[PDB]
Amino acid sequence: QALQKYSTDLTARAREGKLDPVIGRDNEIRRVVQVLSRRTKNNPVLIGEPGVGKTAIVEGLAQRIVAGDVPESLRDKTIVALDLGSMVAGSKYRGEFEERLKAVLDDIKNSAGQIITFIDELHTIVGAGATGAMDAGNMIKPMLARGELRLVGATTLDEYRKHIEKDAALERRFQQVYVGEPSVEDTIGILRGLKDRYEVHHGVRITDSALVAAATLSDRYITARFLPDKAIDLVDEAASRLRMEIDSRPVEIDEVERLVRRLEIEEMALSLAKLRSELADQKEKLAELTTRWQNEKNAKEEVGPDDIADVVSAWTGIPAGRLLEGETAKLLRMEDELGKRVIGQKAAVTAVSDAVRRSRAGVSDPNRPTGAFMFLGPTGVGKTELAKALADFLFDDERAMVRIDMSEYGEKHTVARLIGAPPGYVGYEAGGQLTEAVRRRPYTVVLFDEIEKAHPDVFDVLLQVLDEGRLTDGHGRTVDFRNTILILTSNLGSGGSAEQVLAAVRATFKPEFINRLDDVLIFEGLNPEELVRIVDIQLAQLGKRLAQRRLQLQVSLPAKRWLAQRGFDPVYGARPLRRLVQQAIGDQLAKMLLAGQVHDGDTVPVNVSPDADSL
Amino acid sequence: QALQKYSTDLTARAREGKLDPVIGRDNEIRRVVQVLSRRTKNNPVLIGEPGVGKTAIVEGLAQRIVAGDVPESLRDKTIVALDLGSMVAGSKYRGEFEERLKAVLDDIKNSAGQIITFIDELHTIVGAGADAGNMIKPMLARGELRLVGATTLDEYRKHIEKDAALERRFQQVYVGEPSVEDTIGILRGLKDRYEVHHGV
Amino acid sequence: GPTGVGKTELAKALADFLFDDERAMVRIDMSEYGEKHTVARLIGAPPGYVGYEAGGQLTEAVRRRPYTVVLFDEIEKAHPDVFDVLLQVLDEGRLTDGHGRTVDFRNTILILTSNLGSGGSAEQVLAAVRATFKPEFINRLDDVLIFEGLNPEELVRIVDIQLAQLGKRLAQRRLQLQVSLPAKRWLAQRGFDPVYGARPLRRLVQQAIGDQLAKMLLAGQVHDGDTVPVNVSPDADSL
Amino acid sequence: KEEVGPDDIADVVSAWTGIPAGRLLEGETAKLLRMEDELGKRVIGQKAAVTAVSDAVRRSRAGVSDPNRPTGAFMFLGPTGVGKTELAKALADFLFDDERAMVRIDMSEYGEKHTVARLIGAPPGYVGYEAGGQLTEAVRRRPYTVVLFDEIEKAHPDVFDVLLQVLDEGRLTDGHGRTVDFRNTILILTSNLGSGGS
Amino acid sequence: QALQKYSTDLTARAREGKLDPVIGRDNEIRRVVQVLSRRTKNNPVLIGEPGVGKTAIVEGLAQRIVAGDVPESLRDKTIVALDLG
Ligand SMILES: Nc1ncnc2c1ncn2[C@@H]1O[C@H](COP(=O)(O)OP(=O)(O)OP(O)(O)=S)[C@@H](O)[C@H]1O
Ligand SMILES: Nc1ncnc2c1ncn2[C@@H]1O[C@H](COP(=O)(O)OP(=O)(O)OP(O)(O)=S)[C@@H](O)[C@H]1O
Ligand SMILES: Nc1ncnc2c1ncn2[C@@H]1O[C@H](COP(=O)(O)OP(=O)(O)OP(O)(O)=S)[C@@H](O)[C@H]1O
Ligand SMILES: Nc1ncnc2c1ncn2[C@@H]1O[C@H](COP(=O)(O)OP(=O)(O)OP(O)(O)=S)[C@@H](O)[C@H]1O
Ligand SMILES: Nc1ncnc2c1ncn2[C@@H]1O[C@H](COP(=O)(O)OP(=O)(O)OP(O)(O)=S)[C@@H](O)[C@H]1O
Ligand SMILES: Nc1ncnc2c1ncn2[C@@H]1O[C@H](COP(=O)(O)OP(=O)(O)O)[C@@H](O)[C@H]1O
């Protein structure tokens, strides 16, 4: 009678239909029924990596027992789920748990071959009762050998060689049933049967296109779990996305209302102007949308394959939408928009814009990095400027990329600072400097500065990165560089030719490494015309830096071409101009400013006095 | 008489205004809520680098619950702040942590759905074993206790992620650092209490 | 043999009808075992050290299911000390771990790729093996194979599968594309290099078609249901 | 002014963490102009090599300089016994009132190629790992020091590849992966090339 | 009031006259009072060599309280010495 008090039941809960319908997996149910009817030692252990369905199999067996596809031996058995957790409730005396478990075993034995026990997560049955001296968990050990209790269990694969293989007298008493995960085509069949329980809990409608999308779209992106269920959660979270909008009123409008309320708060607290404008603008927008809303009303209720993509975009934030109206105007105005920071070198900006546009269009290959290439030329041209320029509109940031340098790697053994240390050695919890920093938010751009100065041993670690985008650290976690962007910089062949530098690449490298790369983009020198448009940007940039004390400048054309005509080196590139500006302006304004008389406010002109320039 | 001698109540703590008036973070609230109201496996974890406001998100959620702005199936959910650091208090025995935890789980699942939980620093959900901290694993993958947590990022890849049967139960709301101008908006939001406590 | 030939596409193809998967093999990589102490990540630590209840990365992946084909990629770049670990794998069938539980490689398939020589016909590329591998490691192996280059007759048909594969990538958008025979015989003319194999052709396919298809696909005016043709405007591949 | 102001915030962020920034409140600016002729009271000689050093400190504390560069990277050379180290130590005297804030590291130690790792550390799995590096742990505390690279000719051409990325970025990494930032330090590296020519 | 038979008190004893001379060290008290009146962080720890008189610092703080020199926003506090054995 203690089974009423210590155990649950899974057959009474099966006659009420309060379990989920179990679809597929005929072979494992047949294997469990095959094992669970032999003469002695009839008790299986379901083993598999977590997620594959091991609790689903036992509930499907309960469904079959109530249904009647069972053999004639297993008729009317009434699976009872024990608890080795809730049976050590109050047992601080030296004999209570022992007789309690003995009373449960005599209650099972006192019923003539009916009860199928079910102990879930049986790796915690070994050290159940600690008597200071092993005397608990080896009370069922003489009983399983004759096979009087049937004992269905389900333990994780890597929880099995930690507790049971440690204590291997018991491991022979159990038969093992391995469970592997299905493929995509069976997940498509599973998801169409669970589209009967999420329509009731959430009163919505679900398109089959969402199922055939999410069964495949989460086979590339969320590469951290296993898949009978990693496609279920996207469906349920998209249903909640829809239910949040079927209730009282939509979303953006909510976004804008909260935002303008915030800016209102801030502004009134300050009473900054500024925000005053951005308020008004945001009030225009929120007005327009509102009207549009009404209009529409005057004139959807189901989920589709776009909401699945938006949910996957909202988590492991790789953008994966249809590219609907948000960035297509920026994706077309992208080559010339990137030309507000890089002057000239059109053939490289085109080859970067191409590799971004074909990635977001969804034309490229699911197992290769989205773009991994190496541009090189002379010094002071803008090869680090371009890599910091395209990390500015993917993110609206400047520092989310992972910039490492290979000028530290002048020796053979330093490779281990980016791959972790093997087990048994000092830094083992720390992992790798690289691999522990890309597994979080896998969309950042990666640079490898100065590939020349590295010793020829780090070249053979990137050799598997560029083609099959996996990498393995010290633990064993396969990180994926599937949809990052890899950029190599160099300095080979500063003034030779367009083919003397191309014969210089092949000397230091091998054919196995040049073949992995995309187009090796040669950078040219500069032009005296194209230098002029550099100078303006310099005189914009410092022109913002003095805005904090609200000084600015009124610079005329003769000074602005005087800066261009001097400091023109075809060798050193556009780097001496950033010294010439602060020699001509910075020391003069430093002497004049901090002795008073250049008060915040009045902007001072500059003009040339025949050699130099003065205020 | 079980969950009133161990765990406090943030909702009763917000009936007067004894919190901090959070400003901003729209996507984090609008992600935490529409994970907290699904059917199965419905417990988020606020993973963030330390010192970014992972507690102020939950307090803002509490104020949004009390002021009546949340969606329909969250009417007055009365979120509770458990603390497992005070439940391993009196125990030099066998089986004393088990009953003390079981009374709390039974008083949560014994009522209806109004015991949305909150454990801060759930990296210490693993310890105090001896097999313990393991009555909760069948409970989490059935959607009963809603268990909103928040841990630092370095502890999470040191304790929990080794034990992937656990971290298959939690979702991951990620919280990143703000920019400069939005921090200025935060600071102009909090120009209320610092001028009252210090009278300048 | 040389590069860009098919020495990994072969080993990912006999794991495709024995299993009907492509992830069901143990693809570990010996491009990272540059030093003498990277042996320990696949055999475990001796008992008493930090990671002891973790097992090997090799021993605790065959002991689960002892049937999967296993590769070893770029056997040059490993230090000449992992070869002596791989030695008793062959010709005995077992190794041990920290716990001493032996695992059995009786019925796997070990496949060893390489990039040796790159320019000997058959004599010199087999004369470069003997300087690097000892006479007790060549002796353990089966047929040491040599891969030939690529005839220009072969490189035609490759293009077929390439375009066929691209067709099965464009089924979600329901966009079908019609390739003419002049555009199909044009790619083998432009993309033949007897040094780099057939990998530079798979940049030529995405520079010919992909550069302008990615622009036409997201600017509007091309939608599902189209049979987009490619035909040789006298140099490029105009749509 | 009886309430708080943005000059008390300067004192809070200045006394704590040890960076003398602000807006040049009065008391040091009169000393800041009397600095070239002040430096000519230990460094005698060198009329035209003091003003370039003056036009780094007065250019940097005046708030007109790039936020991502060190505030000085100049190098100087010539004959021996002219007082290079003496000028560097007088410069360290002027803005610390001390002598041990300067971080002198040798360059006559580095003839061998493997001896570079004193100023980086060791990768994870090697002998000195919990310690770190000389030149990194020296600057993780006291982040306002002047650093000295005495006689950088004797260093064979692979040490030059390390401090190549100290310059132009203002960052450095070590064994743990913690980027230390040299954004507000003086870098002075003395040489001995030439010695007789023009 | 029920723990004072199980704990101690150096506020009611601070008006007895059992307190030591507070000669010297009248800047660290200002540092501790500056730490103590904040919104966060208001739990200082005195870090130094043992056997110097950190206990005497806290006794001098209590002796300053019982006559009154800290501001009125920390007026009439009660300080409890804890029984660490
Ligand atoms: N073959 C299947 N048929 C029906 N439902 C399934 C199937 N596989 C998985 N599911 C459902 O998908 C989810 C998978 O979660 P579970 O299988 O219960 O987790 P589990 O199998 O217990 O693994 P762990 O390690 O115990 S968390 C549940 O909601 C199942 O009902
Ligand atoms: N075309 C250009 N457009 C804008 N800024 C430029 C251009 N060319 C040079 N510059 C500037 O000059 C510097 C060159 O940028 P970098 O790319 O960092 O130098 P580099 O080309 O990387 O050469 P190294 O060898 O890496 S120092 C930066 O400060 C740029 O702002
Ligand atoms: N958006 C915000 N609104 C109001 N206060 C905020 C906001 N963001 C941060 N804070 C304040 O910043 C501090 C951070 O508090 P916590 O959230 O507890 O810190 P944390 O992010 O949890 O990191 P730890 O683990 O607590 S050190 C508190 O004083 C908050 O009031
Ligand atoms: N003979 C071939 N038949 C079919 N596909 C081929 C052939 N040769 C090359 N390929 C394709 O070329 C691409 C790369 O070939 P891989 O075999 O991966 O390179 P590899 O032969 O392994 O040489 P390495 O040394 O590993 S770089 C894949 O898309 C292959 O399908
Ligand atoms: N311009 C000067 N004014 C005052 N004293 C000087 C001057 N130049 C040199 N001295 C003195 O001469 C000594 C050598 O000067 P330093 O500049 O320290 O030599 P140094 O820099 O070590 O030269 P090298 O090339 O590195 S061996 C110092 O101890 C100074 O006191
Ligand atoms: N300002 C002071 N006035 C009186 N006694 C002091 C003073 N400073 C230190 N002492 C002496 O030091 C002792 C207290 O030291 P304490 O702070 O307890 O050091 P610790 O905590 O390391 O034991 C007292 O017995 C006292 O005689």
# chains A, B, ... in the order shown; residues from 1 in each chain; ligands from 1
>>> closest_atom_pairs(of="chain D", to="ligand 5", cutoff="7 Å", atoms="only C-alpha atoms and all ligand atoms", output="Markdown table")
| residue | atom | partner | partner_atom_place_in_ligand_line | distance |
| --- | --- | --- | --- | --- |
| D:42 | CA | ligand 5 | 4 (C) | 5.9 |
| D:43 | CA | ligand 5 | 3 (N) | 4.2 |
| D:44 | CA | ligand 5 | 3 (N) | 4.0 |
| D:45 | CA | ligand 5 | 1 (N) | 4.6 |
| D:46 | CA | ligand 5 | 1 (N) | 6.5 |
| D:79 | CA | ligand 5 | 25 (O) | 6.7 |
| D:80 | CA | ligand 5 | 25 (O) | 4.0 |
| D:81 | CA | ligand 5 | 23 (O) | 4.5 |
| D:82 | CA | ligand 5 | 8 (N) | 4.1 |
| D:83 | CA | ligand 5 | 17 (O) | 2.2 |
| D:84 | CA | ligand 5 | 17 (O) | 3.7 |
| D:85 | CA | ligand 5 | 21 (O) | 3.8 |
| D:86 | CA | ligand 5 | 17 (O) | 4.3 |
| D:87 | CA | ligand 5 | 17 (O) | 6.6 |
| D:150 | CA | ligand 5 | 26 (O) | 6.4 |
| D:151 | CA | ligand 5 | 26 (O) | 6.1 |
| D:192 | CA | ligand 5 | 25 (O) | 6.3 |
>>> write_last_selection(atoms="N, CA, C and O atoms", output="tab-separated table (two decimals), in the first residue's frame")
chain	number	residue	atom	x	y	z
D	42	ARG	N	68.08	70.73	-15.13
D	42	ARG	CA	68.92	69.54	-15.03
D	42	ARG	C	69.55	69.17	-16.35
D	42	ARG	O	70.74	68.84	-16.40
D	43	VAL	N	68.81	69.26	-17.45
D	43	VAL	CA	69.34	68.96	-18.77
D	43	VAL	C	69.90	70.25	-19.35
D	43	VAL	O	69.15	71.12	-19.81
D	44	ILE	N	71.21	70.37	-19.34
D	44	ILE	CA	71.93	71.51	-19.88
D	44	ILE	C	72.57	71.07	-21.19
D	44	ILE	O	73.12	69.97	-21.29
D	45	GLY	N	72.48	71.95	-22.19
D	45	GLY	CA	72.64	71.58	-23.58
D	45	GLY	C	71.28	71.34	-24.20
D	45	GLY	O	70.23	71.50	-23.57
D	46	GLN	N	71.31	70.96	-25.48
D	46	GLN	CA	70.17	70.43	-26.24
D	46	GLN	C	69.01	71.44	-26.29
D	46	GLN	O	67.97	71.27	-25.66
D	79	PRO	N	75.63	60.75	-30.49
D	79	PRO	CA	76.86	60.26	-29.85
D	79	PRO	C	76.58	59.75	-28.44
D	79	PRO	O	75.50	59.92	-27.88
D	80	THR	N	77.60	59.12	-27.87
D	80	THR	CA	77.51	58.61	-26.51
D	80	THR	C	77.90	59.70	-25.52
D	80	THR	O	78.67	60.61	-25.84
D	81	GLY	N	77.35	59.60	-24.31
D	81	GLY	CA	77.70	60.55	-23.27
D	81	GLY	C	77.13	61.94	-23.47
D	81	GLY	O	77.73	62.91	-23.01
D	82	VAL	N	76.01	62.05	-24.17
D	82	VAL	CA	75.36	63.34	-24.39
D	82	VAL	C	74.21	63.55	-23.40
D	82	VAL	O	73.79	64.69	-23.17
D	83	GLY	N	73.74	62.48	-22.75
D	83	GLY	CA	72.71	62.61	-21.74
D	83	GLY	C	71.31	62.28	-22.20
D	83	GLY	O	70.38	63.06	-21.99
D	84	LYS	N	71.15	61.12	-22.84
D	84	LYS	CA	69.83	60.66	-23.27
D	84	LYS	C	69.03	60.16	-22.07
D	84	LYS	O	67.90	60.62	-21.83
D	85	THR	N	69.61	59.21	-21.33
D	85	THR	CA	68.99	58.68	-20.11
D	85	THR	C	68.78	59.78	-19.08
D	85	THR	O	67.79	59.77	-18.34
D	86	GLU	N	69.68	60.76	-19.06
D	86	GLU	CA	69.55	61.91	-18.16
D	86	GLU	C	68.33	62.75	-18.51
D	86	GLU	O	67.59	63.18	-17.62
D	87	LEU	N	68.08	62.98	-19.81
D	87	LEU	CA	66.88	63.70	-20.22
D	87	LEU	C	65.62	62.91	-19.90
D	87	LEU	O	64.62	63.48	-19.45
D	150	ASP	N	66.54	51.05	-23.45
D	150	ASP	CA	67.88	51.59	-23.59
D	150	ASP	C	68.71	50.75	-24.55
D	150	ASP	O	68.78	49.53	-24.41
D	151	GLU	N	69.36	51.43	-25.50
D	151	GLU	CA	70.26	50.87	-26.51
D	151	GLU	C	69.54	49.81	-27.36
D	151	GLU	O	69.87	48.63	-27.34
D	192	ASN	N	71.92	54.20	-30.78
D	192	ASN	CA	73.33	54.54	-30.91
D	192	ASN	C	73.80	54.49	-32.36
D	192	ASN	O	75.01	54.38	-32.61
>>> residues_near_ligand(ligand="ligand 6", cutoff="8 Å", atoms="only C-alpha atoms and all ligand atoms", output="ChimeraX atom specification")
/E:20-25,49-57,60
>>> residues_around(residues="range 109-122 of chain A", least_positions_apart="6", cutoff="6 Å", atoms="only C-alpha atoms", output="PyMOL selection string")
chain A and resi 77+79-82+150-155
>>> residues_near_ligand(ligand="ligand 2", cutoff="7 Å", atoms="only C-alpha atoms and all ligand atoms", output="ChimeraX atom specification")
/A:341-344,379-386,491,534,573-575 /D:168
>>> closest_atom_pairs(of="chain B", to="ligand 3", cutoff="6 Å", atoms="only C-alpha atoms and all ligand atoms", output="tab-separated table")
residue	atom	partner	partner_atom_place_in_ligand_line	distance
B:20	CA	ligand 3	31 (O)	5.8
B:21	CA	ligand 3	4 (C)	5.8
B:22	CA	ligand 3	3 (N)	3.4
B:23	CA	ligand 3	1 (N)	4.9
B:24	CA	ligand 3	1 (N)	5.9
B:50	CA	ligand 3	23 (O)	4.4
B:51	CA	ligand 3	23 (O)	3.4
B:52	CA	ligand 3	21 (O)	3.9
B:53	CA	ligand 3	17 (O)	3.3
B:54	CA	ligand 3	21 (O)	4.1
B:55	CA	ligand 3	17 (O)	3.7
B:56	CA	ligand 3	17 (O)	5.0
B:186	CA	ligand 3	1 (N)	6.0
>>> interface_residues(of="chain B", to="chain D", cutoff="12 Å", atoms="only C-alpha atoms", output="JSON, numbers by chain")
{"B": [194, 195, 198, 199, 200]}
>>> residues_near_ligand(ligand="ligand 1", cutoff="6 Å", atoms="only C-alpha atoms and all ligand atoms", output="PyMOL selection string")
(chain A and resi 20-24+50-56+156+228-229) or (chain B and resi 165)
